[PDB]
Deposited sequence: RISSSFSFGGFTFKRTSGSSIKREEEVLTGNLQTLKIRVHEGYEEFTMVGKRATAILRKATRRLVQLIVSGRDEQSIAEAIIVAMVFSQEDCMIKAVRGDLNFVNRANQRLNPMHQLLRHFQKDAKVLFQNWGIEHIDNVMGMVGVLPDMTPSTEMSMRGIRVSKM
């Protein structure tokens, strides 16, 4: 019922997903055969320096409420969460850029080396402050009115 990904312990708290094979095309026109998970699911991500709740749908991050102890702790959490989403956005953030050995792990290893194109192409939004949380910009700078799409930073 538990698994591990990118140094974070994932534990599904709700929802279901079925598997289906899909051929995607990274930003560098490289073909990858990923197993796409269909359905809405919620997860706990537990790490040594960061924790998060992650709601996702089929190839879409619905929301990520993350807390951490520093900027790189939140950055690692967000990187893992966005690679886990399986979003076409993230697949296309492979820019430049071939990846050498799981496709999902290839993407994580790639985006762990640097998430600039990743963050920079994810998308930003206005926060309504209805959760009393803080937003995070593509550069990991805090903000009180804007945040990367679906990402919220708690304490």
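Residues of the deposited sequence missing from the coordinate set occupy positions 1-3, 100-101, 106-110, 166.
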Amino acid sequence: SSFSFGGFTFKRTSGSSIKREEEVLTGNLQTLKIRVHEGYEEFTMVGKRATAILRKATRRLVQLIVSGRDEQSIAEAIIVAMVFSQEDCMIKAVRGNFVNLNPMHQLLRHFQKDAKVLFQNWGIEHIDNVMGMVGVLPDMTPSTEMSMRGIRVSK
From here on, numbers count along this sequence of modelled residues.
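Here 134-142 and 9-17 are compared by their mean Cα B-factor, and 134-142 comes out higher.
With 125-133 and 56-64 compared on mean CA B-factor from the PDB entry, the stretch scoring higher is 125-133. As recorded in the entry, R69 carries the highest CA temperature factor of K33, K92, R69, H105. For the set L101, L118, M45, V99, the PDB entry puts the maximum C-alpha B factor at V99. In the deposited entry, the Cα temperature factor of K113 places it in the highest third of its chain's modelled residues. When all modelled residues of the chain are sorted by CA temperature factor, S4 is found within the lowest third.
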